[PDB]
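Have a look below at one chain only, the form deposited in one PDB entry, in structure tokens format.
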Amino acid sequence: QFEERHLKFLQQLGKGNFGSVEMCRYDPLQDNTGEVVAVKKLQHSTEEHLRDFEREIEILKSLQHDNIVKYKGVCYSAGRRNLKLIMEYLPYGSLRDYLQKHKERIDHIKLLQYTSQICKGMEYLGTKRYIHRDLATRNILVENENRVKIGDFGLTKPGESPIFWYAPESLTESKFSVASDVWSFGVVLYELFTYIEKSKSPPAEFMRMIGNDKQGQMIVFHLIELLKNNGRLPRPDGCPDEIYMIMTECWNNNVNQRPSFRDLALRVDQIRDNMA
């Protein structure tokens, strides 16, 4: 399906300790044309890393939805002793970067369109019995101004910490579930309505609440205590009360009282209609 001979480098994208992503062109006709694809390869093919990568490939093979990253195939390099994953290329990259770079193209109607699409992708993942764990705007990708897709870059395996998206029972008991994905979705909705403004990100806000001085595990201890006793990210400037209410309801310490993704999609779509 994808012969290393015809996979031509175009551009270096992300890199981390676990994997790296490149833009490539697949040119089987050798005519300097072909489809542009995004290619992931492993930095170090240990037994565990290759097992993880193979599981990533099997997960992606099973997922087909308009708001989930689109799998294309695999390609073997180094005389078939290395493995690379081929995906559909999305020009605008992460939603976190798109929001910072293209504020001129974004208003509240647009934010709610993206919110709806994220909810629908999460509904789909639940039907596959898949728990995402890593929902955050850094892991949502932008195809164009009208279409976002959930992914999970996973190139590395306080400002950089994923803990600021995690539900309290994930922090205290390592319990990840659909309901903790709903908690993290609430943080995504917060991120959207901050426009990724500097100083207002979840890590920056939580660190201001706990004390910017704190380091190491002390951050975790204070974050758990804060969340367990109703400490929450504040309402973003300009964000409607009804949208903050959705965030608040996702951030319920009572796991079973969080809304479902089907509930959230219906609510967001009904609101979107009314502002449109």
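Here the rigid core means the biggest group of C-alpha atoms that line up within 1.5 Å when the two forms are laid on top of each other. In case it trips you up, residue 1 is the first one in the sequence shown, and so on.
Another form exists, deposited in another entry; not displayed. Remarks below refer to it.
Once the rigid core is overlaid between this form and the one not shown, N17 counts among the residues whose Cα shifts by 2 Å or more. The two forms, fitted on the rigid core, differ between this form and the one not shown by 2 Å or more at the CA of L29. Comparing the forms between this form and the one not shown on their rigid core, the Cα displacement of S177 stays under 2 Å.
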